[PDB]
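No Cβ is skipped: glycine too gets one built from the backbone with ideal geometry, and neighbour counts run over all protein chains shown. Every number in this text was worked out from the coordinates using simple rules, so none of it is lab data.
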2 protein chains.
Amino acid sequence: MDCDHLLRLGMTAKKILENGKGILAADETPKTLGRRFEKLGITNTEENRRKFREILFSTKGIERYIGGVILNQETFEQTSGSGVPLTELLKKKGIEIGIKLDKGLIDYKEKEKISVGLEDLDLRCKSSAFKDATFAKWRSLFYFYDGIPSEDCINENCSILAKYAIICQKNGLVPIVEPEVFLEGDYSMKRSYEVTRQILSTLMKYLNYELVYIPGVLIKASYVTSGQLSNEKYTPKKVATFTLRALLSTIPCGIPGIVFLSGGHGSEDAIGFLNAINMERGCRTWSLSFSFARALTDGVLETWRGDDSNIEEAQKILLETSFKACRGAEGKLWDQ
Amino acid sequence: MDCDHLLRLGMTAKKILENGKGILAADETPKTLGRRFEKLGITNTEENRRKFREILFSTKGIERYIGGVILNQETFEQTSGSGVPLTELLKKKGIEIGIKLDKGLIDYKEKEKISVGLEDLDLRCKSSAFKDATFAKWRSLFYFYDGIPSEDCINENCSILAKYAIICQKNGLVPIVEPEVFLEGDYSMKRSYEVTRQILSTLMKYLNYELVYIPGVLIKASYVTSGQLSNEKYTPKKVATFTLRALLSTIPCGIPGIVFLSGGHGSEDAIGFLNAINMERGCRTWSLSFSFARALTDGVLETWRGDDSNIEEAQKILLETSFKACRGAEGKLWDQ
Ligand SMILES: [Cl-]
Ligand SMILES: [Cl-]
């Protein structure tokens with residue numbers, strides 16, 4: 001953690017988000033991807049998981065819009081049908097390679113979760129498997145119910161995210177910290193707004209207590225909305241207003257970027273909220289961009305359907321959806 | 001706290017710091033001012049306290065450099081030798097009038113302090129005495145010793161500052177929150193840096209939990225330095241680097257300004273640190289300005305000495321020192 005080392009982290013963080021670019025999240029575990037596959041009639045074979053990632057990474061022109069890709073650990077060991085390591089597809093395109101490093105969630109208190117995997121995190125960061133990686137991702141999830149998220153759960157998850165962040169940085173990796181506010185729940189938008197302010201301000205506390213290099217951290221955040229079980233409606237403008245207010249209230253000038261997660265929102269909504277937040281006035285130093293899994297790849301899966309003859313059309317949908325995300329990241333989706 | 005009400009707070013906060021201006025702190029209690037008087041041979045009469053404030057507020061041209069003045073409660077009841085309410089001197093000059101609203105400190109745990117006065121704060125904000133005030137100030141103080149500041153003390157003081165802040169805002173006053181890191185102590189600059197990051201990030205947590213309107217809050221902060229009993233040396237550049245890093249790591253884009261306290265540092269040092277921090281590169285949305293008591297008024301007291309025939313020269317020193325502070329607030333002290 002000398003001057004040069006820190007500057008490298010900051011440069012990586014900015015490179016990922018240059019020129020309206022964002023992040024393609026492709027880090028689903030076999031179990032998470034398998035559920036997605038099964039809804040659409042695709043067998044959850046390793047081969048189909050490998051091919052899916054090949055389809056994504058080999059999309060021609062995707063590097064104009066995508067500055068980094070978050071890989072699942074198993075994908076680092078996989079090759080294209082033509083023999084080339086899947087990581088090489090991305091490296092040749094100049095796209096930064098990331099690694100998801102959490103080991104999922106376990107129960108905490110009543111009805112809440114913490115994320116796990118810190119105990120061997122430093123050893124894992126040093127794995128030869130991930131030698132080409134320059135950034136990482138770790139997810140916590142905040143369930144909402146009557147008196148929840150509890151303060152204990154906010155504190156513990158923020159502590160875990162911060163401890164992961166410092167270990168990443170000490171290993172030369174830019175950490176993405178992902179404090180996801182779970183969409184499946186019954187809560188008002190005002191409640192999401194207030195809890196988002198609690199979570200993000202607390203996350204910044206723990207990052208500071210762990211003496212994380214703030215210019216070398218990316219925050220992957222949920223949009224501020226009401227819960228999916230709420231009867232409450234909202235529009236892109238309202239999501240933009242509330243989300244940007246929460247961020248302006250909580251995120252220090254030194255953070256280089258916020259990258260939104262799609263979170264169960266539609267592709268259309270996720271991109272529209274991004275565009276809307278980037279048209280909002282309100283001085284800020286950080287980029288507002290994207291780290292989408294479903295918003296970018298649901299259409300690819302729905303087009304592909306496990307049939308090689310649908311691959312070209314699936315790649316076209318990725319490229320077009322990635323274009324729109326990038327235009328949204330600059331607030332230009334209505335233009336040209 | 002409707003839209004218009006909030007916008008007024010933000011406008012006040014920006015007006016105070018327009019055009020490189022800063023804050024003249026004149027809010028010393030009779031006891032605090034009296035100690036200063038007695039060192040220099042001036043009797044601690046109410047008359048001498050009144051005259052001192054008249055000397056300050058009637059300084060010709062001071063409004064070019066001073067955007068607001070923090071008054072002590074007793075000063076709102078006082079008049080010039082010519083009969084004019086002291087607040088009228090400032091109002092006629094277009095300078096914002098502030099009120100210090102804390103009731104001082106009491107013991108907390110072992111060797112620490114909390115600030116007090118919340119219980120009647122709302123009633124006091126509504127006093128007809130303060131009807132011309134548009135902003136307020138509240139001070140906490142953090143002593144440093146082996147395992148101190150304790151986490152309990154950081155949390156409690158930040159909670160108190162945030163509770164004061166929200167009450168101010170609900171009464172139409174912009175709160176200045178002052179988490180002063182006490183200079184008298186034995187600690188390294190690295191320790192001050194790390195603890196400053198703890199305190200400021202925690203203060204932002206509590207401001208967010210109290211749902212304070214962040215664009216309507218000013219932070220009056222200590223420079224990051226080693227303690228006065230430390231043998232450790234530092235220069236303006238090092239103070240600038242460490243202080244700006246701490247601020248970039250902790251203070252959200254929405255905060256309109258940071259105003260440094262002089263804190264026992266010399267006038268010369270306090271202004272020099274300000275200039276140095278304003279020459280630092282590093283993108284930020286907030287102003288870096290001043291809220292000085294001693295740095296601006298020690299020279300006035302030392303020149304005046306309680307003799308009317310020294311008043312003109314005392315006012316000249318205030319104006320010249322205020323000029324330098326303002327040039328420092330723009331990073332221009334070496335120029336023109
Ligand atoms: Cl997953
Ligand atoms: Cl005082």
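Within segment A:214-226, restricting attention to residues that are without any contact (Cβ under 8 Å) to a residue 60 or more places away in the chain and in contact with a strand residue (DSSP E or B) (Cβ under 7 Å, 6 or more places away or on another chain), which residue is farthest from the other protein chains (Cβ to nearest Cβ)? If you could, list the steps in order and put the result at the bottom.
The initial filter retains those residues of segment A:214-226 that are without any contact (Cβ under 8 Å) to a residue 60 or more places away in the chain, namely A:214, A:219, A:221-226.
So of that shortlist, the ones also in contact with a strand residue (DSSP E or B) (Cβ under 7 Å, 6 or more places away or on another chain) come out as A:214, A:219, A:221-223.
Working: A:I214: 4, A:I219: 12, A:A221: 14, A:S222: 16, A:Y223: 18 Å.
Per the stated criteria, the residue is A:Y223.
Against the definition (more than 24 Å from A:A26 (Cβ to Cβ) and among the hydrophobic types (A, V, I, L, M, F, W, C)), how does A:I148 come out, yes or no?
Answer is yes for this residue.
Give segment A:279-288 a look and list any residue that's more than 9 Å from every other protein chain (Cβ to nearest Cβ) and outside any helix (DSSP H, G or I), or say none. Show your work before the answer.
So in segment A:279-288, the residues more than 9 Å from every other protein chain (Cβ to nearest Cβ) come out as A:279-281, A:287-288.
Hits for segment A:279-288 are A:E280, A:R281, A:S287, A:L288.
Taking the options B:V239, B:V217, B:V224, name whichever one is under 19 Å from the mean Cα position of the chain (by Cα) and over 30 Å from B:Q169 (Cβ atoms). Steps first, answer last, please.
Values: B:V217 fails: over 30 Å from B:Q169 (Cβ atoms); B:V224 fails: over 30 Å from B:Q169 (Cβ atoms).
It is B:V239.
With respect to A:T241, determine if the residue is within 14 Å of chain B (Cβ to nearest Cβ) and touching a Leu at 6+ places or on another chain (Cβ under 7 Å).
Considered against the rule, which asks whether it is within 14 Å of chain B (Cβ to nearest Cβ) and touching a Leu at 6+ places or on another chain (Cβ under 7 Å), A:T241 comes out as no.
Can you name the condition, by its number, that B:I160 falls short on among (1) under 16 Å from B:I16 (Cβ atoms); (2) of a type in the set (V, I, T); (3) more than 16 Å from ligand 2 (Cβ to nearest atom)?
For B:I160, the exception is condition (1).
Going through segment A:126-146 one residue at a time, which ones are free of Cβ contacts under 8 Å to residues at least 24 places away in the same chain and in a helix (DSSP H, G or I)?
A:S128
Could you check B:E232 against (1) more than 14 Å from every other protein chain (Cβ to nearest Cβ); (2) surrounded by 23 or more Cβ atoms within 10 Å (Cβ to Cβ); (3) more than 18 Å from the chain's Cα centre (by Cα) and say which number it fails?
(2)
One line per residue, one yes/no per condition, for (1) buried (at least 18 other Cβ atoms within 10 Å of the Cβ); (2) more than 18 Å from the chain's Cα centre (by Cα):
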{"residue": "B:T134", "(1), (2)": "yes, no"}
{"residue": "B:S140", "(1), (2)": "yes, no"}
{"residue": "B:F144", "(1), (2)": "yes, yes"}
{"residue": "B:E156", "(1), (2)": "yes, yes"}
{"residue": "B:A165", "(1), (2)": "yes, no"}
{"residue": "B:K170", "(1), (2)": "no, yes"}
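Which count do you get for residues in segment B:84-104 that are of a type in the set (A, V, I, L, M, F, W, C), within 16 Å of ligand 2 (Cβ to nearest atom) and in a loop (DSSP other than H, G, I, E, B)? Step through it out loud before you land on a result.
Initially, segment B:84-104 is screened for residues of a type in the set (A, V, I, L, M, F, W, C), giving B:84, B:86, B:89-90, B:95, B:97, B:99, B:101.
From the residues that got through so far, the ones that are within 16 Å of ligand 2 (Cβ to nearest atom) too are B:99, B:101.
If we keep only those that are in a loop (DSSP other than H, G, I, E, B) as well, we get B:101.
Adding up the residues that qualify gives 1.
Consider B:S192 carefully, then state whether it is farther than 23 Å from B:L17 by Cβ and in contact (Cβ under 8 Å) with a residue 12 or more places away in the chain.
yes
When you go through A:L200, A:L211 one by one, which is the residue that is closer than 24 Å to B:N155 by Cα, in contact (Cβ under 8 Å) with a residue 24 or more places away in the chain, facing chain B (nearest Cβ under 10 Å) and within 16 Å of the chain's Cα centre (by Cα)?
One residue alone meets the criteria, A:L200.
Inspect all residues belonging to segment B:291-299 and state whether any of them is more than 18 Å from B:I66 (Cβ to Cβ), touching a strand residue (DSSP E or B) at 6+ places or on another chain (Cβ under 9 Å) and surrounded by 17 or more Cβ atoms within 10 Å (Cβ to Cβ).
No, there is no match, as no residue in segment B:291-299 is more than 18 Å from B:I66 (Cβ to Cβ), touching a strand residue (DSSP E or B) at 6+ places or on another chain (Cβ under 9 Å) and surrounded by 17 or more Cβ atoms within 10 Å (Cβ to Cβ).
Which of the residues that make up segment B:313-327 are free of Cβ contacts under 8 Å to residues at least 40 places away in the same chain and either surrounded by fewer than 20 Cβ atoms within 10 Å (Cβ to Cβ) or within 16 Å of B:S291 (Cα to Cα) (or both)?
Of everything in segment B:313-327, those that are free of Cβ contacts under 8 Å to residues at least 40 places away in the same chain and either surrounded by fewer than 20 Cβ atoms within 10 Å (Cβ to Cβ) or within 16 Å of B:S291 (Cα to Cα) (or both) turn out to be B:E313, B:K316, B:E320.
Of all the residues that make up segment A:20-59, how many are surrounded by fewer than 16 Cβ atoms within 10 Å (Cβ to Cβ) and free of Cβ contacts under 8 Å to residues at least 60 places away in the same chain?
Qualifying residue count for the region: 10.
Within segment A:246-260, identify whether any single residue is within 14 Å of chain B (Cβ to nearest Cβ), more than 27 Å from B:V195 (Cα to Cα), crowded, with 22+ Cβ neighbours inside 10 Å and not β-branched (V, I, T), and answer yes or no.
No, segment A:246-260 contains no residue that is within 14 Å of chain B (Cβ to nearest Cβ), more than 27 Å from B:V195 (Cα to Cα), crowded, with 22+ Cβ neighbours inside 10 Å and not β-branched (V, I, T).
Does any residue of segment B:60-71 turn out to be away from ligand 1 (no atom under 16 Å from the Cβ) and either on the phi > 0 side of the Ramachandran plot or free of Cβ contacts under 8 Å to residues at least 40 places away in the same chain (or both)? If you could, list the steps in order and put the result at the bottom.
Applying the first criterion (away from ligand 1 (no atom under 16 Å from the Cβ)) to segment B:60-71 yields B:60-71.
If we keep only those that are either on the phi > 0 side of the Ramachandran plot or free of Cβ contacts under 8 Å to residues at least 40 places away in the same chain (or both) too, we end up with B:61, B:63.
Within segment B:60-71, one or more residues are away from ligand 1 (no atom under 16 Å from the Cβ) and either on the phi > 0 side of the Ramachandran plot or free of Cβ contacts under 8 Å to residues at least 40 places away in the same chain (or both).
Tell me, please, whether a residue that is closer than 15 Å to B:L200 by Cβ and within 17 Å of the chain's Cα centre (by Cα) can be found in segment B:265-272.
Quick first cut of segment B:265-272, residues closer than 15 Å to B:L200 by Cβ only: none.
Checked segment B:265-272: no residue is closer than 15 Å to B:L200 by Cβ and within 17 Å of the chain's Cα centre (by Cα).
Within segment B:1-83, which helices (runs of 4 or more DSSP H) (wholly inside it) include 2 or more residues that are within 16 Å of ligand 2 (Cβ to nearest atom) and more than 14 Å from chain A (Cβ to nearest Cβ)?
Hits in segment B:1-83: B:30-39, B:46-57.
Quick check: anything in segment B:268-278 more than 14 Å from every other protein chain (Cβ to nearest Cβ) and among the β-branched types (V, I, T)?
Looking through segment B:268-278, at least one residue is more than 14 Å from every other protein chain (Cβ to nearest Cβ) and among the β-branched types (V, I, T).
Per-residue answers, yes or no, for (1) within 20 Å of the chain's Cα centre (by Cα); (2) within 16 Å of ligand 1 (Cβ to nearest atom); (3) over 26 Å from A:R305 (Cβ atoms):
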| position | (1), (2), (3) |
| --- | --- |
| A:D2 | no, no, yes |
| A:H5 | no, no, yes |
| A:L24 | yes, yes, no |
| A:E74 | yes, yes, no |
| A:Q78 | no, no, no |
| A:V84 | no, no, no |
| A:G104 | yes, yes, yes |
